[PDB]
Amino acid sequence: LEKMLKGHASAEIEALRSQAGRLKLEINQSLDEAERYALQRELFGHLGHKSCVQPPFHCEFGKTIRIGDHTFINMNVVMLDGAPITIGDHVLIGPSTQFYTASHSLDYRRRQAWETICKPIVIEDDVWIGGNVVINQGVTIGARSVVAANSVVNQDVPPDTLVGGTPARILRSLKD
């Protein structure tokens, strides 16, 4: 699991993946706000104070996900979490957003064993991510930035910036 958090069907992994399957299902079935938050704190690497993740929520590992304080994640979010996904404070994430830590080689022979490479995703403080957005590997979204609904983010986004479209392009500066 350490060749993987560093971006290369293991024993540890298949247990951790199977634990997450258990907890996800339990969370997505929980009708109780407190019990979900509780279960989620057992799924996630870290889930901050006054923070909230709406079900159904999907990921593979859980423990690679760290979520800060007063951040809200809306329903139906998918996170391919083979590499760390770090989300700061006061972050808003709209529904059906996708985080793809994983990806593969172009060459089909380099794919027959399902070799995944993973690069972490970082969402800094006070960021608003629109519904239906995709964020691919290695992306950092800088503090106080906005990603418009349905964008696909392939490159790092500077702080105090608005971005939209697909690929995402910088629409305007939110600097004072």
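When you see a residue number, it is the position in the sequence shown, counting from 1.
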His8 to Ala9: deposited residues without atomic coordinates: 1 to 3
With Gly7 and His8 adjacent in the shown sequence, let me know how many deposited residues between them lack coordinates: none, 1 to 3, 4 to 9, or 10 or more. 1 to 3
Average Cα temperature factor in the PDB entry - higher stretch of 27-35, 132-140: 27-35
What stretch has the higher average Cα B-factor here, 66-74 or 36-44? 36-44
When the deposited Cα B-factors of this chain's modelled residues are ordered and cut into thirds, is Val152 in the lowest, the middle or the highest one? middle
Among the modelled residues of its chain, does the C-alpha B-factor of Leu162 lie in the lowest, middle or highest third? lowest
